[PDB]
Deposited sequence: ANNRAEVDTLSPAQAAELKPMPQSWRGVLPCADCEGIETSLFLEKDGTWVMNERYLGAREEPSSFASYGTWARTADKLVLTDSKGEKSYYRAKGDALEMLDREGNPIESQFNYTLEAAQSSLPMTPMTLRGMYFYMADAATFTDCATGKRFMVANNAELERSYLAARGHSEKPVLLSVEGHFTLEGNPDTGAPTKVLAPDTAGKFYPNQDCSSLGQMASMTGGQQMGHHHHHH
């Protein structure tokens, strides 16, 4: 069984507690805890005591005679109640309000493309909403070749991402792959 354990445990009043347990062979042990994003100057306190192990269970009695329990399972050391139950906390999945910029990762879009007079628009199938499309020479040529002979928007499937343009700042769709026009059908036709 190993004798040094590290990990960062949860802090109710800080970024998290940096824990480290050291089980010396002379039967004693020394634990260290450091607060990250600490509110106090004593942002780090350490303890020691003696330790006794059974099968996996492991009991630590500090210099005060206080007790704590652990169950070693591989490289894992679990904190438990004296009853042998693992102590644990409930975690959530909430998105914190922040201010970042439009992702650049390309995503796939299916919409009715329309180009005319140096302006490109894409009426997105899914949202039925219509964004402006950054100018792309090739894409525009392609659109023309597909639409045959008419002022008809051709369905288009392309990878792209939103970005700030300005005023031909305004949200604009910017392509990350060449087109793929389907002149015959429209959105309705999965």
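No alpha-carbon coordinates exist for the deposited sequence positions 1 to 20, 189 to 192, 215 to 233, given here in order along the chain.
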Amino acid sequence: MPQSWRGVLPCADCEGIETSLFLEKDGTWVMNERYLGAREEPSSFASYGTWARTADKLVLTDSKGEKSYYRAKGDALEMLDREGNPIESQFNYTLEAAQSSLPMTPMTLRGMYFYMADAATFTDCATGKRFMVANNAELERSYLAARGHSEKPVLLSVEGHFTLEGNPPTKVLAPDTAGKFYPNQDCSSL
From here on, numbers count along this sequence of modelled residues.
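For the segment pair 117 to 125 and 144 to 152, the entry gives 144 to 152 the higher mean B-factor, averaged over Cα atoms. Note on 32 to 40 vs 65 to 73: mean CA B-factor is higher in 32 to 40. When the C-alpha B-factors of 163, 136, 50, 54 are read from the PDB record, the largest value belongs to 54.
Among the modelled residues of its chain, residue 11 has a C-alpha B-factor that falls in the middle third according to the deposited record. In the PDB entry, residue 19 places in the lowest third of its chain by CA B-factor. In this PDB entry, residue 170 carries a Cα temperature factor that places it within the middle third of its chain's modelled residues.
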